[PDB]
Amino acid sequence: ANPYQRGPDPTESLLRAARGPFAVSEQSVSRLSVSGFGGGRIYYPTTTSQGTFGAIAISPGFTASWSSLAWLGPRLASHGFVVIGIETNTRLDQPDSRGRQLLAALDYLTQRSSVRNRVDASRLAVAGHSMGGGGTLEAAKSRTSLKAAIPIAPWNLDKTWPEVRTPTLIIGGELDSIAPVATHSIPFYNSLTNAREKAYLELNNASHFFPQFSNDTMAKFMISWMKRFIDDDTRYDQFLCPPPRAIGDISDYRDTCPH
């Protein structure tokens, strides 16, 4: 009935496994071959028999290469998404520049890449770590048609995001000292007055570098948010609404349930 729904009825175990149900193929994008971003790597479900998939562009943070987040490529793609993980023009690009580069990567993916036919160009998303999370907000501010945005430990001197209409899940690290949640993540969250839906997931005792290592709870909520908003997959609302208890590895969760 939902033409964008993919994969089996979900469970906690399906979301916490190292891979989702789709085998993943990969393609490198050379810095020599694109303008507007530094190339990167595309990850996609090998299967085309179940339909096209939505896509997400993901930016690393200041000083970092895509390799700092590479585990996300196969892990997210294996749940039924095309992922373009980017290298930035330089490692020291600021959040606003990272936002423009994420949009350039989505444009390349849908308009020129060798996997464009596998991507539903109407169902796109952005995510990123630290300054790449600040760039995720910048991209959503510029392109209100994006279906999901996931700033991860985001850093941005711009604290307000009234233009953002995209469903936005901010994932903060409670003990982050580089992009403290009290001055970055939480102000950003409170400022998303026009986001169709939003959530704030705070990881208990987590530092700024939590997304550099496979993290099942982070993956569970990122995948659930991507499914619910990129694919309109209401099956994944069971993990988002009612919000999870702030216990164990979650120190805080803020929500706009119902979706």
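When you see a residue number, it is the position in the sequence shown, counting from 1.
- Relative to one another, 27-35 and 222-230 have unequal mean CA B-factors, and 27-35 is the one with the higher figure.
- Per-stretch averaging of Cα B factors for 50-58 and 203-211 places 203-211 on top.
- Ranking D158, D120, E163, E87 by the C-alpha B-factor listed in the PDB entry places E163 at the top.
- Compared with the other modelled residues of the chain, the Cα B-factor recorded for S113 ranks in the highest third.
- The entry lists a Cα temperature factor for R143 that places it in the highest third of the chain's modelled residues.
- Per-chain ranking of the deposited C-alpha B factor places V181 in the middle third.
- The entry lists a Cα temperature factor for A105 that places it in the middle third of the chain's modelled residues.
- Among the modelled residues of its chain, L92 has a C-alpha B-factor that falls in the middle third, as given in the PDB entry.
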